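Worksheet: one structure, shown below.
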Amino acid sequence: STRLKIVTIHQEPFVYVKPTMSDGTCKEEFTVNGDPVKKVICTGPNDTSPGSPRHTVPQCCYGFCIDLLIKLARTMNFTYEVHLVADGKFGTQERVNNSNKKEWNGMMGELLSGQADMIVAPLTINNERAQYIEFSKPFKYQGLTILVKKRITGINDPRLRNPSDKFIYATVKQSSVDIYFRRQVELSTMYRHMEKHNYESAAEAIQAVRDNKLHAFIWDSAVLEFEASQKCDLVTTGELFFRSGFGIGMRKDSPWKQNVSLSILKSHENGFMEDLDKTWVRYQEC
Amino acid sequence: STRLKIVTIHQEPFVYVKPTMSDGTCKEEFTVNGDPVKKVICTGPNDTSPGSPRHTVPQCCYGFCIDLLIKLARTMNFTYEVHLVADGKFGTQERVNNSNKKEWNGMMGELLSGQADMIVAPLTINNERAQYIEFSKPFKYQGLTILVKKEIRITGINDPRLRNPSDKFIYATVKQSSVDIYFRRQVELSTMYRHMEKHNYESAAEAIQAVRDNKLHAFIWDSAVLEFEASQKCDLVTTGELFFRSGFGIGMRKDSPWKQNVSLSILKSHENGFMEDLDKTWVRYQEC
Amino acid sequence: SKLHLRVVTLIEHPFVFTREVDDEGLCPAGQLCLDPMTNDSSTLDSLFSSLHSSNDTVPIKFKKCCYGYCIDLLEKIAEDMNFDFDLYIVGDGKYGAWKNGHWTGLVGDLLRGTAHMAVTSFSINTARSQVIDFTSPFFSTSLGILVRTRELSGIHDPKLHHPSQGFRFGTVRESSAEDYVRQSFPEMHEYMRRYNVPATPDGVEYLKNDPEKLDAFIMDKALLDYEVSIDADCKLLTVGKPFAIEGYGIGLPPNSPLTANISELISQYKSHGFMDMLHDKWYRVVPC
Amino acid sequence: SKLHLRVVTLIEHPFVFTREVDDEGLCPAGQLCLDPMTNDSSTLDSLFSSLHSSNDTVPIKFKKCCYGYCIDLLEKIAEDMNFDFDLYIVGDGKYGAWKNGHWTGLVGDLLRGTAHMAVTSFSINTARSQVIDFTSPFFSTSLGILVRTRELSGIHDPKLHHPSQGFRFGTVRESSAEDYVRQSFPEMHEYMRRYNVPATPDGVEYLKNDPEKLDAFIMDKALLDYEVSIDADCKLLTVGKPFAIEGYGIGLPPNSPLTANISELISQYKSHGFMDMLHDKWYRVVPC
């Protein structure tokens, strides 16, 4: 009740983590149409490198998802203290195999353990991944499109099905797309190749694609589209597959459930979601 | 027991229609390997197109259906006679100036008036005909495509070129047939049916001659007939996607005493290998 | 004496037109229709009561002349079934879909017991069929794409899938051309949501105005095919292949007793001679 | 206490192989296999009695070595489940299909109680599942097209559907491909039954014929990819998107017991990585 501790992640355009100044406050960033942009103070590690033990001083968080969190707080009368993920991996069903037990990681593990539970982040909607936690109604849909360097038909293409040495394609490590590529027994020949290359976050894949590497890249639709929008050097190709939608998460029968879905459905109508999509997505250079 | 009297229609390469020579004896032909062929005597409307009913001296008939019927009659020891349809249409439904029944014509009219026992011909077995009369299980499968002059290109039925009713691309199909009834019942586009009605041909052979000359630019008929009559004459090439897969059957009366053995014989021949014997003999490749 | 009904229609060419009323007021070759721009049934009731009285005080702006294909067909049903009717236009005129729990427009006015009939271009589908009653279809439709002068592969074209390069387009708001897209294809719903049009003439004018604001378009095949073939330059066209075919119909309340006869009457005119007549009388003008 | 059960297996590459036995008569990582091309069970009984007899058994022609995927898979399963096994290369080598009543090949042998264990690249079909029972699949694969080098999209292209005067196909005589093709469209069933091959490890030399016989070898993807890899000259490759996704599975007698234990063992082995180990042990990648 009352105080809720929430977990987020770093990926454009959902939550930037730009550091603050020495005093502690966050500088006033400006939006397109003459308004202040809401931002919160979010604590977390200082990435794998640098720092003392990855317990750095707070940073600033502001983007799409944070607006939804603030709207939920306004419509629910509750207070929050947002903190970042310890590792950064989205979280997939993993086996330690030292005790023949299945254990999660990242957001999923930090939700099931119980030290933080609102997961306000664009996770995924998945059949078996959400089989013992309760999702909510999606606030945005997407597909699994593929980005390439400045063409590929899709998942049915003999370059994708068999490389030899110079058409390597990878995805982010330990995430949702890995679950669906592993589960399909029909499509399981490529996954072994994908075990060779897999990056920790999206920025590494960006730098690989830009710097004459990673001939292909598979990720969510919205992130890829915004990526190809702002960065005018890579363009997407290939028709969509795995049509699904993002969503907020809660532990099994947490005592909010219903009101979250009601607020999501109400804000799906009127002008809230459209305003958010207009002000935080696209506005492209083409 | 009873002398079943048959009724067929002129349709190559399933049945051939050749005139009687001199006194009446049928000309003795031969195959490539020297195997003799068998023909039968047919008393139909020889004179001309369905106008005057002049001299009807019988001619010789043979082909694909005739061999199947010879095999059928060789078993269960029943003798037969064959004669062509007076009208020459594939048994559709039509009305009159005093329309109160909307009965049939051609083969369906001839068989529903109680003077025909068997219809050995390549007729599609659709739902309505199966309702009014009972068929047997099919002995050949088909899917209707189209052909064009050999450019000296179209893909399917949904191609935008063929949809809109134009004036420089006149096409049609032989009237009073399975194609016409199936396109009429199906809604899809009534303008398509209206454009077809303008130049519906009278026979299944004159249309091919016309499309070979220059007149019409698309013939919509069954698979095997078009394929054979195209590959046999090196002037026409078919292009399509084989929509509406169906079959050809044999339609006796409403549960005649002969119905139970027809299916048994047809499956015995289908599985034994007689179908290969007939198909390889009467359907081959010559141009390519 | 005769049944008295109230019927609600829309304004969509060429199914229904709108011609200015005459000075004296007779609506030659047509009926008189009213549009007070409101969804309140009570107002409508008092307005109709005032109109058919000994002293009517109604605004001139409310009276328009209504005539067309759909209206002529309604006139025949009126002749055959012997009932008199009043005609009025939807309060807002946006067909009908789900919004804030309750329905809207044509469907909402049917459900809220304001008019006994809904006769107009009315695409029937699963969402509306389970709440109200529909008759037999009298048309077969499709969905097409309209593009101005100076090329798509259909619906799976990569140009309208990946919104990296700035494209355009969007169906008319709150119709069946977007309910199918929203329900069976949800990812490209917000992109169409930012670029939508209130009324189809407004959208086709947006496409035909410099600078290009909303390239491409999605709507019913018949309306687009009529709209392209009235311009003089004849530069617009239709691209793609048919998809998501539903068929039209006449709106009816929640299974009122008269739901049965009207269906068989429409079946009768569709069968005998009326649909062809009536269709050829309005789809005119030469293509350029 | 010790249960003895027989095993039926074909000769299909990767999944199965063969080798001429040594003079002494041993096979490392493999068991001796007989060659009884007879369907009757009594001869098999006396042959196995001679196999376990003190007196000398049938000469070398009824003996061979073996090694492969399912061979070692079944070796470990039998080691876990405490039983031995014996193998022989059926009598027909024709998988199984419905023909003249009783089935053929593996299905006919199993329904006839000649064996209790069927391990091969056995496909999954619903029609076969009606009579015989299946376990949890331990693999999944699709169908492809083999063509000599120097753009067949698959089955939905006009190049293959209608006969373009000189295009030929062919699969195994009665494999799972034949049944799927027959249930989908029988005209192509007849077309390939004109030129269908009796077994897979023959079609490849047709492609070495400067092919006038065969130009397509629609079959399972695993053997197709292996034959691609073994192609040192690299004059061939698989084309077309996958269709008819299928799965494999160990065959069992109808309503036979102990299937739950085998399915659970297969699931546990797949989870623990035995399947991956054997996959990388046998299925090899070669750049071509």
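By convention in this document, the chains of the structure tokens carry letters A, B, ... by their order, each chain's residues are numbered from 1, and ligands are numbered from 1 in the order they are shown.
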
Any chance you could dump chain C, least-squares fitted to chain D on all C-alpha atoms in order, as a short mmCIF file (atom, residue, chain, number, x, y, z; two decimals) with C-alpha atoms, in the first residue's frame?
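Written output follows (selection-v1.cif):
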```
data_model
loop_
_atom_site.label_atom_id
_atom_site.label_comp_id
_atom_site.auth_asym_id
_atom_site.auth_seq_id
_atom_site.Cartn_x
_atom_site.Cartn_y
_atom_site.Cartn_z
CA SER C 1 15.13 -60.66 -16.99
CA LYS C 2 14.56 -57.94 -19.60
CA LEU C 3 11.91 -57.20 -22.19
CA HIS C 4 12.55 -58.48 -25.72
CA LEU C 5 11.39 -56.38 -28.66
CA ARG C 6 11.52 -56.42 -32.45
CA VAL C 7 12.01 -53.07 -34.19
CA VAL C 8 11.64 -52.19 -37.87
CA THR C 9 13.61 -49.36 -39.51
CA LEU C 10 14.20 -47.92 -42.98
CA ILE C 11 17.27 -46.74 -44.93
CA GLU C 12 17.28 -42.94 -45.20
CA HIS C 13 20.33 -40.75 -44.72
CA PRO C 14 21.35 -39.10 -42.46
CA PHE C 15 18.87 -40.41 -39.88
CA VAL C 16 19.91 -44.04 -40.50
CA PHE C 17 22.88 -45.35 -42.47
CA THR C 18 23.94 -48.72 -43.88
CA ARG C 19 27.55 -49.89 -43.52
CA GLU C 20 28.86 -53.21 -44.78
CA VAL C 21 29.44 -55.83 -42.09
CA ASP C 22 32.95 -56.87 -41.06
CA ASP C 23 34.53 -60.22 -41.88
CA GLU C 24 34.17 -61.71 -38.39
CA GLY C 25 31.00 -59.71 -37.72
CA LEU C 26 30.62 -57.18 -34.91
CA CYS C 27 29.23 -53.99 -36.53
CA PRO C 28 31.66 -51.63 -34.74
CA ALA C 29 29.90 -48.53 -33.41
CA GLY C 30 26.57 -49.97 -34.49
CA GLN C 31 24.13 -52.85 -34.35
CA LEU C 32 23.28 -55.61 -36.81
CA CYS C 33 20.13 -55.40 -38.95
CA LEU C 34 18.46 -57.86 -41.31
CA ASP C 35 16.44 -57.43 -44.50
CA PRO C 36 14.89 -60.49 -46.17
CA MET C 37 12.81 -58.39 -48.62
CA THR C 38 9.46 -59.71 -47.43
CA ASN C 39 6.44 -58.61 -45.41
CA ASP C 40 5.73 -62.09 -44.01
CA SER C 41 5.94 -62.14 -40.21
CA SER C 42 6.37 -65.92 -39.96
CA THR C 43 9.54 -65.94 -42.06
CA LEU C 44 10.91 -63.09 -39.98
CA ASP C 45 10.13 -65.00 -36.78
CA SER C 46 11.91 -68.19 -37.86
CA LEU C 47 14.84 -66.13 -39.18
CA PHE C 48 15.25 -64.34 -35.86
CA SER C 49 14.88 -67.61 -33.94
CA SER C 50 17.59 -69.19 -36.10
CA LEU C 51 19.89 -66.17 -35.71
CA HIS C 52 19.85 -66.26 -31.89
CA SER C 53 20.59 -69.96 -31.55
CA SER C 54 23.51 -72.38 -31.20
CA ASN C 55 23.80 -72.94 -34.97
CA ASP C 56 22.57 -70.23 -37.35
CA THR C 57 22.28 -70.81 -41.11
CA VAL C 58 21.40 -67.42 -42.60
CA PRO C 59 22.53 -65.80 -45.88
CA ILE C 60 25.32 -63.25 -45.72
CA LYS C 61 23.30 -60.90 -47.96
CA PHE C 62 20.72 -60.57 -45.16
CA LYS C 63 23.17 -59.05 -42.65
CA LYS C 64 24.03 -55.34 -42.73
CA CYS C 65 25.46 -52.89 -40.20
CA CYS C 66 23.02 -50.21 -39.04
CA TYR C 67 23.99 -46.98 -37.29
CA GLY C 68 23.02 -43.34 -37.18
CA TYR C 69 21.22 -40.52 -35.40
CA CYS C 70 17.93 -42.38 -35.02
CA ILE C 71 19.71 -45.59 -34.05
CA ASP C 72 21.78 -43.81 -31.39
CA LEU C 73 18.60 -42.32 -29.96
CA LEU C 74 17.04 -45.81 -29.89
CA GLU C 75 20.18 -47.00 -28.10
CA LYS C 76 19.67 -44.45 -25.36
CA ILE C 77 16.04 -45.49 -24.89
CA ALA C 78 17.29 -49.08 -24.68
CA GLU C 79 19.81 -48.07 -22.02
CA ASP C 80 17.25 -46.12 -19.99
CA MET C 81 14.31 -48.57 -20.19
CA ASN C 82 16.45 -51.74 -19.91
CA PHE C 83 15.11 -53.86 -22.78
CA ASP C 84 16.89 -55.78 -25.52
CA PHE C 85 15.91 -55.50 -29.16
CA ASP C 86 16.35 -57.02 -32.59
CA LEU C 87 16.47 -54.83 -35.69
CA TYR C 88 15.13 -55.48 -39.17
CA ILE C 89 14.31 -53.54 -42.33
CA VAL C 90 10.89 -53.14 -43.93
CA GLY C 91 9.85 -55.84 -46.36
CA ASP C 92 9.46 -53.35 -49.20
CA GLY C 93 10.40 -50.05 -47.54
CA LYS C 94 7.81 -47.52 -48.67
CA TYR C 95 6.60 -45.92 -45.41
CA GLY C 96 2.87 -46.57 -45.67
CA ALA C 97 -0.43 -45.40 -47.15
CA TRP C 98 -3.78 -46.75 -48.32
CA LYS C 99 -3.64 -49.35 -51.09
CA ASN C 100 -6.28 -51.97 -51.94
CA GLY C 101 -8.03 -51.40 -48.61
CA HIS C 102 -5.19 -52.58 -46.38
CA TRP C 103 -2.18 -50.55 -45.26
CA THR C 104 1.39 -51.13 -46.40
CA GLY C 105 5.04 -50.95 -45.43
CA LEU C 106 5.84 -49.53 -42.00
CA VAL C 107 2.24 -48.84 -40.97
CA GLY C 108 1.04 -52.16 -42.34
CA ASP C 109 3.75 -54.10 -40.52
CA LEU C 110 2.88 -52.28 -37.30
CA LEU C 111 -0.83 -53.07 -37.68
CA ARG C 112 -0.25 -56.72 -38.62
CA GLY C 113 1.60 -57.27 -35.39
CA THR C 114 5.04 -58.03 -36.80
CA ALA C 115 7.22 -55.53 -34.91
CA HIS C 116 6.63 -53.75 -31.61
CA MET C 117 8.29 -50.47 -32.65
CA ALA C 118 8.87 -48.34 -35.75
CA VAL C 119 11.77 -45.92 -35.26
CA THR C 120 12.93 -43.96 -38.32
CA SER C 121 12.20 -40.79 -40.27
CA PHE C 122 8.42 -41.01 -39.84
CA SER C 123 6.17 -38.07 -40.69
CA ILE C 124 3.06 -38.32 -38.53
CA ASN C 125 -0.28 -37.03 -39.80
CA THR C 126 -4.04 -37.46 -39.44
CA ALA C 127 -4.32 -40.60 -41.58
CA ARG C 128 -1.79 -42.59 -39.55
CA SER C 129 -2.55 -41.04 -36.15
CA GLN C 130 -6.11 -42.40 -35.96
CA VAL C 131 -5.12 -46.02 -36.69
CA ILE C 132 -1.92 -46.46 -34.64
CA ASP C 133 -0.32 -44.65 -31.69
CA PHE C 134 2.39 -41.99 -31.90
CA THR C 135 4.68 -40.45 -29.28
CA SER C 136 5.81 -36.87 -28.77
CA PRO C 137 7.68 -35.35 -31.73
CA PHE C 138 11.47 -35.06 -31.59
CA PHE C 139 11.90 -32.92 -34.72
CA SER C 140 10.26 -30.17 -36.75
CA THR C 141 10.28 -30.59 -40.53
CA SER C 142 9.10 -28.82 -43.70
CA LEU C 143 8.78 -29.34 -47.43
CA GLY C 144 11.30 -27.94 -49.89
CA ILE C 145 12.10 -27.96 -53.59
CA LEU C 146 15.44 -29.12 -55.00
CA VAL C 147 16.57 -27.83 -58.40
CA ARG C 148 19.84 -28.59 -60.18
CA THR C 149 22.30 -26.01 -61.49
CA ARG C 150 21.59 -23.58 -64.34
CA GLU C 151 14.01 -20.49 -59.81
CA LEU C 152 10.61 -20.91 -58.14
CA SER C 153 8.42 -18.64 -56.04
CA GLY C 154 7.27 -21.41 -53.69
CA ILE C 155 4.22 -23.61 -54.16
CA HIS C 156 1.91 -21.23 -56.09
CA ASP C 157 4.44 -20.73 -58.88
CA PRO C 158 2.66 -20.70 -62.28
CA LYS C 159 5.44 -22.87 -63.73
CA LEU C 160 4.26 -25.93 -61.77
CA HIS C 161 0.52 -25.21 -62.09
CA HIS C 162 -0.42 -24.99 -65.78
CA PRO C 163 0.99 -28.10 -67.52
CA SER C 164 1.12 -26.53 -70.97
CA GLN C 165 4.88 -26.07 -71.12
CA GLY C 166 6.36 -29.46 -70.36
CA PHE C 167 7.57 -29.47 -66.77
CA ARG C 168 8.61 -32.44 -64.61
CA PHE C 169 8.88 -33.45 -60.92
CA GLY C 170 7.01 -35.51 -58.34
CA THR C 171 7.51 -36.63 -54.75
CA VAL C 172 8.65 -40.08 -53.67
CA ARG C 173 5.91 -42.64 -54.21
CA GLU C 174 3.70 -43.69 -51.30
CA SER C 175 4.90 -41.22 -48.64
CA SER C 176 3.48 -38.29 -46.69
CA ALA C 177 4.95 -35.80 -49.18
CA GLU C 178 2.29 -36.95 -51.66
CA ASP C 179 -0.62 -37.78 -49.34
CA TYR C 180 -0.84 -34.10 -48.42
CA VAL C 181 -0.70 -33.15 -52.10
CA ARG C 182 -3.25 -35.79 -53.11
CA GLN C 183 -5.74 -34.99 -50.34
CA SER C 184 -5.44 -31.19 -50.16
CA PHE C 185 -4.58 -30.48 -53.81
CA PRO C 186 -6.07 -33.13 -56.11
CA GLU C 187 -5.86 -31.52 -59.55
CA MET C 188 -2.08 -31.94 -59.93
CA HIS C 189 -2.01 -35.55 -58.73
CA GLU C 190 -1.96 -37.46 -62.03
CA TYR C 191 0.78 -35.18 -63.36
CA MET C 192 2.91 -36.08 -60.35
CA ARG C 193 1.75 -39.69 -60.74
CA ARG C 194 3.35 -40.15 -64.15
CA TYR C 195 6.64 -38.65 -62.84
CA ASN C 196 7.42 -40.29 -59.49
CA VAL C 197 10.40 -42.00 -57.88
CA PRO C 198 10.63 -45.18 -55.77
CA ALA C 199 13.34 -44.02 -53.35
CA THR C 200 14.65 -40.56 -52.53
CA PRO C 201 18.30 -41.28 -53.49
CA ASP C 202 17.02 -42.54 -56.84
CA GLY C 203 15.09 -39.31 -57.34
CA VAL C 204 18.01 -37.06 -56.40
CA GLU C 205 20.19 -39.07 -58.79
CA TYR C 206 17.58 -38.67 -61.54
CA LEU C 207 17.66 -34.91 -61.03
CA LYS C 208 21.48 -34.91 -61.11
CA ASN C 209 21.85 -36.91 -64.35
CA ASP C 210 22.26 -35.69 -67.93
CA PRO C 211 19.92 -35.42 -69.78
CA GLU C 212 17.53 -33.79 -67.31
CA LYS C 213 14.73 -36.31 -66.78
CA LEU C 214 12.77 -35.04 -63.75
CA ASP C 215 13.50 -31.39 -63.02
CA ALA C 216 12.56 -30.09 -59.56
CA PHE C 217 11.58 -32.22 -56.55
CA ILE C 218 9.37 -32.27 -53.45
CA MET C 219 10.40 -33.91 -50.16
CA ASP C 220 11.14 -33.23 -46.50
CA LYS C 221 13.34 -30.25 -45.70
CA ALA C 222 15.86 -32.07 -43.50
CA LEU C 223 16.69 -34.87 -45.95
CA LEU C 224 17.10 -32.41 -48.83
CA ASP C 225 19.23 -30.08 -46.71
CA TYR C 226 21.55 -32.95 -45.81
CA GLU C 227 21.69 -34.27 -49.38
CA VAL C 228 22.62 -30.91 -50.92
CA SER C 229 25.52 -30.39 -48.49
CA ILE C 230 27.52 -33.54 -49.32
CA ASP C 231 28.30 -32.95 -53.00
CA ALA C 232 31.59 -31.40 -54.09
CA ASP C 233 30.36 -29.04 -56.82
CA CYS C 234 27.62 -27.75 -54.46
CA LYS C 235 25.33 -26.82 -57.34
CA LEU C 236 21.96 -27.99 -56.03
CA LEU C 237 20.00 -25.77 -53.65
CA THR C 238 16.65 -25.24 -51.92
CA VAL C 239 14.01 -22.81 -53.21
CA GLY C 240 10.65 -21.71 -51.85
CA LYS C 241 9.18 -21.23 -48.40
CA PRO C 242 8.19 -23.72 -45.68
CA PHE C 243 4.72 -25.24 -45.95
CA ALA C 244 2.77 -28.17 -44.48
CA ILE C 245 4.86 -28.72 -41.36
CA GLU C 246 4.06 -31.94 -39.47
CA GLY C 247 6.90 -33.08 -37.22
CA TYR C 248 8.49 -36.48 -36.73
CA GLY C 249 7.91 -39.17 -34.11
CA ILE C 250 8.42 -42.79 -33.12
CA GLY C 251 5.94 -45.34 -34.39
CA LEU C 252 4.06 -47.45 -31.86
CA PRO C 253 1.43 -50.21 -32.06
CA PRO C 254 -2.27 -49.56 -31.27
CA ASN C 255 -1.82 -47.89 -27.85
CA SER C 256 0.35 -50.51 -26.22
CA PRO C 257 0.98 -49.98 -22.48
CA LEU C 258 4.46 -48.50 -23.05
CA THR C 259 3.00 -45.54 -24.99
CA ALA C 260 3.24 -43.24 -21.96
CA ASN C 261 6.77 -43.50 -20.54
CA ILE C 262 8.65 -43.17 -23.83
CA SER C 263 6.98 -39.83 -24.54
CA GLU C 264 8.15 -38.34 -21.25
CA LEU C 265 11.67 -39.70 -21.74
CA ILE C 266 11.94 -38.09 -25.20
CA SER C 267 10.59 -34.89 -23.66
CA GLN C 268 13.35 -35.12 -21.04
CA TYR C 269 16.23 -35.51 -23.50
CA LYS C 270 14.73 -32.80 -25.71
CA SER C 271 14.66 -30.47 -22.72
CA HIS C 272 18.03 -31.17 -21.11
CA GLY C 273 20.92 -31.62 -23.53
CA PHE C 274 20.59 -34.41 -26.05
CA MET C 275 18.88 -33.04 -29.16
CA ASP C 276 21.47 -30.32 -29.80
CA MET C 277 24.39 -32.70 -29.27
CA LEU C 278 22.96 -35.36 -31.48
CA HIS C 279 21.91 -32.92 -34.22
CA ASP C 280 25.29 -31.19 -34.48
CA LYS C 281 27.15 -34.51 -34.63
CA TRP C 282 25.73 -35.45 -38.06
CA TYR C 283 24.83 -32.21 -39.90
CA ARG C 284 28.46 -31.46 -40.89
CA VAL C 285 30.62 -30.55 -44.00
CA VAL C 286 31.31 -27.00 -45.22
CA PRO C 287 28.90 -25.31 -47.67
CA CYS C 288 30.60 -24.28 -50.91
#
```

Set the distance at 7 Å and use only C-alpha atoms: which residues neighbour stretch 65-76 of chain A once local chain neighbours fewer than 2 positions away are removed? I'd like the list as a PyMOL selection string. chain A and resi 14-15+62-63+78-79+120-121

Expected answer as a list in words: chain B residues within 7 Å of chain D, only C-alpha atoms: residues 141, 142, 240, 241 and 288 of chain B

Residues just named, written with N, CA, C and O atoms as a CSV table (one decimal), in the first residue's frame:
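Just written: selection-v7.csv:
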```
chain,number,residue,atom,x,y,z
B,141,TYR,N,-10.1,-35.0,-62.4
B,141,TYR,CA,-10.1,-33.7,-61.8
B,141,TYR,C,-9.7,-32.7,-62.7
B,141,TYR,O,-8.9,-32.9,-63.6
B,142,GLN,N,-10.1,-31.4,-62.5
B,142,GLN,CA,-9.9,-30.3,-63.4
B,142,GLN,C,-10.0,-29.0,-62.6
B,142,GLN,O,-10.6,-29.0,-61.5
B,240,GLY,N,-2.8,-19.2,-65.8
B,240,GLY,CA,-3.8,-19.1,-64.8
B,240,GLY,C,-3.4,-19.6,-63.5
B,240,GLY,O,-2.2,-20.0,-63.3
B,241,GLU,N,-4.3,-19.8,-62.5
B,241,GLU,CA,-4.0,-20.3,-61.2
B,241,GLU,C,-4.9,-21.4,-60.8
B,241,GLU,O,-4.8,-21.9,-59.6
B,288,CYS,N,5.7,-30.0,-77.6
B,288,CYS,CA,6.8,-29.9,-76.8
B,288,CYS,C,6.9,-31.1,-75.9
B,288,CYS,O,6.0,-31.5,-75.2
```

Please report as JSON lines every residue of chain A lying within 8 Å of chain D, along with the nearest atom pair and their distance in Å (one decimal), using only C-alpha atoms.
```
{"residue": "A:156", "atom": "CA", "partner": "D:241", "partner_atom": "CA", "distance": 6.0}
{"residue": "A:157", "atom": "CA", "partner": "D:241", "partner_atom": "CA", "distance": 7.7}
{"residue": "A:164", "atom": "CA", "partner": "D:287", "partner_atom": "CA", "distance": 6.2}
{"residue": "A:185", "atom": "CA", "partner": "D:140", "partner_atom": "CA", "distance": 6.2}
{"residue": "A:186", "atom": "CA", "partner": "D:140", "partner_atom": "CA", "distance": 5.8}
```

Write out, as a PDB file, in the first residue's frame, the residues just selected, with N, CA and C atoms.
```
ATOM      1  N   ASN A 156      11.767 -15.669 -44.405  1.00  0.00           N
ATOM      2  CA  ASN A 156      11.879 -16.702 -45.432  1.00  0.00           C
ATOM      3  C   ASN A 156      12.786 -16.155 -46.530  1.00  0.00           C
ATOM      4  N   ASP A 157      14.092 -16.388 -46.380  1.00  0.00           N
ATOM      5  CA  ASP A 157      15.102 -15.865 -47.287  1.00  0.00           C
ATOM      6  C   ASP A 157      16.362 -16.687 -47.085  1.00  0.00           C
ATOM      7  N   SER A 164      27.118 -17.959 -44.457  1.00  0.00           N
ATOM      8  CA  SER A 164      28.379 -18.674 -44.463  1.00  0.00           C
ATOM      9  C   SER A 164      29.415 -18.033 -43.547  1.00  0.00           C
ATOM     10  N   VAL A 185       9.842 -24.796 -32.745  1.00  0.00           N
ATOM     11  CA  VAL A 185      10.604 -25.926 -33.263  1.00  0.00           C
ATOM     12  C   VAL A 185      10.707 -25.850 -34.780  1.00  0.00           C
ATOM     13  N   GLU A 186       9.723 -25.227 -35.434  1.00  0.00           N
ATOM     14  CA  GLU A 186       9.783 -25.061 -36.882  1.00  0.00           C
ATOM     15  C   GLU A 186      10.972 -24.200 -37.289  1.00  0.00           C
TER      16      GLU A 186
END
```

Quick one: everything within 7 Å of stretch 65-78 of chain B, counting only C-alpha atoms, minus sequence neighbours fewer than 6 positions away in the same chain. Send it as a ChimeraX atom specification. /B:1,3,14-15,120-121

Residues of stretch 175-268 of chain C in strand (DSSP E) according to DSSP, as JSON, numbers by chain? {"C": [219, 220, 237, 238, 239, 251, 252]}

Same residues, N, CA, C and O atoms, output as a PDB file, in the first residue's frame:
```pdb
ATOM      1  N   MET C 219     -11.349   2.954 -48.933  1.00  0.00           N
ATOM      2  CA  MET C 219     -12.802   3.071 -48.834  1.00  0.00           C
ATOM      3  C   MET C 219     -13.435   1.978 -49.690  1.00  0.00           C
ATOM      4  O   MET C 219     -12.741   1.144 -50.281  1.00  0.00           O
ATOM      5  N   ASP C 220     -14.765   1.987 -49.745  1.00  0.00           N
ATOM      6  CA  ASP C 220     -15.507   0.985 -50.497  1.00  0.00           C
ATOM      7  C   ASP C 220     -15.250   1.129 -51.992  1.00  0.00           C
ATOM      8  O   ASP C 220     -15.020   2.225 -52.506  1.00  0.00           O
ATOM      9  N   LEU C 237      -7.367   6.995 -60.086  1.00  0.00           N
ATOM     10  CA  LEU C 237      -7.545   5.613 -60.512  1.00  0.00           C
ATOM     11  C   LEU C 237      -7.628   4.723 -59.280  1.00  0.00           C
ATOM     12  O   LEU C 237      -7.547   5.192 -58.144  1.00  0.00           O
ATOM     13  N   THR C 238      -7.795   3.426 -59.519  1.00  0.00           N
ATOM     14  CA  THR C 238      -7.891   2.425 -58.466  1.00  0.00           C
ATOM     15  C   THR C 238      -6.759   1.421 -58.623  1.00  0.00           C
ATOM     16  O   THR C 238      -6.527   0.908 -59.721  1.00  0.00           O
ATOM     17  N   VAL C 239      -6.058   1.144 -57.526  1.00  0.00           N
ATOM     18  CA  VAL C 239      -4.924   0.230 -57.519  1.00  0.00           C
ATOM     19  C   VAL C 239      -5.177  -0.847 -56.475  1.00  0.00           C
ATOM     20  O   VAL C 239      -5.924  -0.641 -55.514  1.00  0.00           O
ATOM     21  N   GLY C 251     -30.806  -1.606 -43.093  1.00  0.00           N
ATOM     22  CA  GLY C 251     -30.837  -1.672 -41.644  1.00  0.00           C
ATOM     23  C   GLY C 251     -32.249  -1.878 -41.124  1.00  0.00           C
ATOM     24  O   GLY C 251     -33.221  -1.366 -41.680  1.00  0.00           O
ATOM     25  N   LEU C 252     -32.355  -2.633 -40.040  1.00  0.00           N
ATOM     26  CA  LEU C 252     -33.628  -2.926 -39.406  1.00  0.00           C
ATOM     27  C   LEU C 252     -33.453  -2.914 -37.897  1.00  0.00           C
ATOM     28  O   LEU C 252     -32.348  -3.133 -37.391  1.00  0.00           O
TER      29      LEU C 252
END
```

Using only C-alpha atoms, determine which residues lie at most 7 Å from residue B:147, disregarding the query and same-chain residues fewer than 5 positions distant; provide the list as an mmCIF file with C-alpha atoms, in the first residue's frame.
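Final output, out_37.cif:
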```cif
data_model
loop_
_atom_site.group_PDB
_atom_site.id
_atom_site.type_symbol
_atom_site.label_atom_id
_atom_site.label_comp_id
_atom_site.auth_asym_id
_atom_site.auth_seq_id
_atom_site.Cartn_x
_atom_site.Cartn_y
_atom_site.Cartn_z
ATOM 1 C CA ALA B 218 -9.675 -14.932 -73.592
ATOM 2 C CA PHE B 219 -11.400 -18.323 -73.394
ATOM 3 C CA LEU B 236 -2.170 -20.829 -77.925
ATOM 4 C CA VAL B 237 -0.710 -20.819 -74.413
ATOM 5 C CA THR B 238 -2.662 -20.925 -71.148
ATOM 6 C CA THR B 239 -1.919 -18.873 -68.035
#
```
